[PDB]
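In: Experimental coordinates for this protein are included below, preceded by the sequence.
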Amino acid sequence: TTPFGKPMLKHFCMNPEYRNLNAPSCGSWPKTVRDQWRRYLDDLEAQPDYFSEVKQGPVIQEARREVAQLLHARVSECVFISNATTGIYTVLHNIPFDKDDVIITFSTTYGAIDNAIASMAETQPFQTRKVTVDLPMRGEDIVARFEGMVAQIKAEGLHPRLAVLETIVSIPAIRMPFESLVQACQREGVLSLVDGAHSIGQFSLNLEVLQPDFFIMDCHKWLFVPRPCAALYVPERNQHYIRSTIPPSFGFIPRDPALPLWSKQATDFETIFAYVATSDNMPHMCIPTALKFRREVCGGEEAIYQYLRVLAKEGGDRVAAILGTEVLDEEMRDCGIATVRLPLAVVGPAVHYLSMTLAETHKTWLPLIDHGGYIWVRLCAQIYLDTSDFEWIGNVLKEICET
Amino acid sequence: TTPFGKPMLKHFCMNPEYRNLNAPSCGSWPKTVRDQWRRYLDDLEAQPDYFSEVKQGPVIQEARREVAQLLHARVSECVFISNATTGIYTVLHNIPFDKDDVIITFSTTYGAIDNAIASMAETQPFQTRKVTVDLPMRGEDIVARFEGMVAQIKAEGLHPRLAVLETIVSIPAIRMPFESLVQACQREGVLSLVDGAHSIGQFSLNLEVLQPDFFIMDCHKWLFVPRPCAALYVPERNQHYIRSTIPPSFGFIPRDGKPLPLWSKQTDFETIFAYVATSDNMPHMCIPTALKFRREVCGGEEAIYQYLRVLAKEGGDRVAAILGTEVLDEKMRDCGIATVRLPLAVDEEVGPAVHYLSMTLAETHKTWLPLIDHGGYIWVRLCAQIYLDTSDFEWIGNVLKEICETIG
């Protein structure tokens, strides 16, 4: 129906002068999703306990199966959680660890995940090792160092119990060889915890094929729903590991489960995530409206995936050209993101100036990070941007760097 | 400006037919809070990263200052969290327990807390003890048993480390002697963790006097903001215990003690709770609007607390009378809640009968009430609120009367 690029802008809710080149942070959703969101709010306000006790569940259930379909997963293997940090932590906290078990991470592992592993180590006897990854690198070189780490662990008498993998590194943002790492994990008997915070809605994905041990995803990052909105995939074979949400609630399963009588006013795994602490569900309840908008107005998932990839390839390349620099690359760019190096060498006041300038003067926002002695910027394509927006931010960044 | 009761309904957003006798579960909020909430949603989708990075912060900080003043606490002792379960678990998870420490609970402890303590013991070597509380009791006998459990624990050579107290039991709902239990805790050197999920907005609080070791509250349950909306109070003397949110995030404090990446350029205790996983903040951002409505439209906090307590007392009594049963008391009602026994005694039948009652209220009578089995009978929890009056309570009394007859 509507061509990609700035024709799409009329379907979304941003101010006219707002270049959204960092959509996954807060999400970005069409007007159809906004209006449906507000109708649920109206419903909640008009009859709160009726909306919550009767009307909420069936929309949630429809959202679950639409997410499972998109994943080529069973609805029985997909549960909803508030954010990706919660899902990853829920898995880590439930897996029983022994002093001879090793948790394998990478230097690309999300910072919040390192902190969780550090925190857990204070009261548990396991140990951890970080596979060094200095991007740029080749996917098969990453996969080889992982296999070398797993082999070194087994040689010392230790047990490589779990590896933390990611689909997209948060920043500097590339696509990682997660399909190959999941395979290496299954060969060596290592559980594959996949941080797919950036995945669903951005590129095609098939868990029936990939078969990860655990897969966590932020729907709000790329599925046109507001934050926070995440999902956790656990295959049947691993559902026995999960006995408690984080924080624990009435769904808890002791090692040796009883719902209070008000529960009578679905497997054990599913009840764990049905009886949880008080929460808002309306981002998840927006999933069907979002997927409808993507089928009918945007021409389906594959079209969107292609446009995002192609725009990021071309738009990222054009920003690097204008800057005289490069795009992060060893496919690592088989996604809707481009991480471009800025011509600055490494700080705080400068970072603060750059960002407020983009937010105050140019009405956009970009994440950045120090890596390899230079400051890099993450640019996120999306179906209402076109190649000129990237050309625009290239010149803007050019001017600020000069300044 | 507006008298309490049905004159308040014009200021709220419920259907005219709907009777909200269970407001704490989702919260109920005035039109001014609704309208402010939609205005934030407009701003968030007009300027997502500008709203989030520059505009949220000062509203959130204003809300923290107002919560701190409502509690008689310092701002730097009050942080925001999603829900009370998260806040209680954050405290429990941060405290280092050894194998000779004991966590004291009660028969009335929220079941989610019991599960957290059970979950935590699979991995930590501490023990726990439960004080027996078989309501109805007198509050002073509850204190006597707590003090006895503390002495018994010491008698075994163990260490009574922390006690989980609550202000209001979830179900069946009474006000517990939390002031006396906190006082007993400090006499004996026990950390007082107060589950005050029901507290702020319902009755008067003064943490400067109470001095609890930790205090967790659901703002949405009684402060006129939407769920989920909680706050956590940790006095200065106890903030060294808290080093991570649940789940841990970028604010984590290594046990060494040094806490951020470069994009943060774009109090350590307060920082823990500022750098968290992606979340919504607009309920907390509605706190200033809600509190202004309560001052300007409702005549202030103390006027609201008095109306809630008097209505729950008179309304609760009227439901008990119509049913020929009773209200739960100490044979504790200094709150806006009344728990009334249904003339139904307690198998395979309870579930279906409970389900019929519930949907009959939801589908037919346009209300909802939480149920529990206690002492061989079924009890119901009723919550007074400033847009209700005593006629709403005799309505539900007759309605419940008539339904119990059907089941019987």
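Out: Structure received. Numbering: from 1, shown residues only, chains lettered A, B, ... in the order given.

In: So for the helix or strand harbouring residue A:185, what gets flagged as buried?
Out: Element membership for residue A:185 (DSSP states H and E) is helix A:178-188. Of all the residues in helix A:178-188, those buried under the rule 16 or more other Cβ atoms under 10 Å in any protein chain shown are A:178-182, A:184-185. The way it works is simple: take the backbone N, C-alpha and C, and place the C-beta from them, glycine included.

In: now the residues you listed in a markdown table, with distance to residue A:110?
Out: Formatted as a markdown table, these follow (distance: Cβ to Cβ, whole Å):
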| residue | distance to residue A:110 |
| --- | --- |
| A:178 | 14 |
| A:179 | 19 |
| A:180 | 20 |
| A:181 | 15 |
| A:182 | 18 |
| A:184 | 20 |
| A:185 | 18 |
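
In: Name the nearest of the residues you listed relative to chain B.
Out: residue A:178 (21.1 Å; Cβ to the nearest Cβ).

In: Just to check, that closest one is in contact with residue A:167?
Out: Yes. If you go by Cβ atoms under 8 Å, residue A:178 and residue A:167 touch, sitting 5.2 Å apart.

In: who touches both of the two?
Out: Residues touching both residue A:178 and residue A:167 by Cβ atoms under 8 Å, 6 or more residues apart in numbering or on different chains: A:194, A:196.

In: Residue ranges of each domain in chain A, please.
Out: Here the domain parsing of chain A from automatic domain parsing is A:6-27+A:300-402, A:42-242+A:279-289.

In: out of the buried residues of helix A:178-188, which touch chain B?
Out: By Cβ under 8 Å from any Cβ of the partner chain, no member of the buried residues of helix A:178-188 lies near chain B.

In: which of the residues you listed lies closest to residue A:123?
Out: residue A:185 (26.1 Å; Cβ to Cβ).

In: How about that closest one: what's its closest non-neighbour residue?
Out: In this structure, residue A:185 finds its nearest non-sequential neighbour in residue A:192, 4.0 Å apart by Cβ to Cβ, 6 or more residues apart in numbering or on different chains.

In: Could you do residue A:8 as well?
Out: Per Cβ to Cβ, 6+ apart, closest to residue A:8 is residue A:384, 4.0 Å.

In: what's the longest helix along chain A packed up against?
Out: Counting residues, the longest helix in chain A under DSSP state H turns out to be helix A:301-323. Here helix A:301-323 touches helix A:287-296, strand A:337-345, strand A:374-380, helix A:387-402, going by 3 or more Cβ pairs under 8 Å, 6 or more residues apart in numbering or on different chains; DSSP states H and E.

In: Could you verify that residue A:149 is part of a helix?
Out: Yes. Counting by DSSP: H, G, I helix; E, B strand; the rest coil, residue A:149 is part of a helix.

In: Quick check: it touching residue A:104?
Out: Yes. Using Cβ under 8 Å, residue A:149 is in contact with residue A:104, at 6.0 Å.

In: of the two, who's got more company?
Out: Ranked by neighbour count (other Cβ atoms under 10 Å in any protein chain shown), residue A:149 and residue A:104 place residue A:104 first, with 24 against 21.

In: got the contact list for that one?
Out: Counting by Cβ under 8 Å, 6+ apart, residue A:104 makes contact with A:128-129, A:131, A:146, A:149-150, A:153, A:160, A:162-164, A:190.

In: ok, now with 6 Å
Out: Residues near residue A:104 by Cβ atoms under 6 Å, 6 or more residues apart in numbering or on different chains: A:149, A:163.
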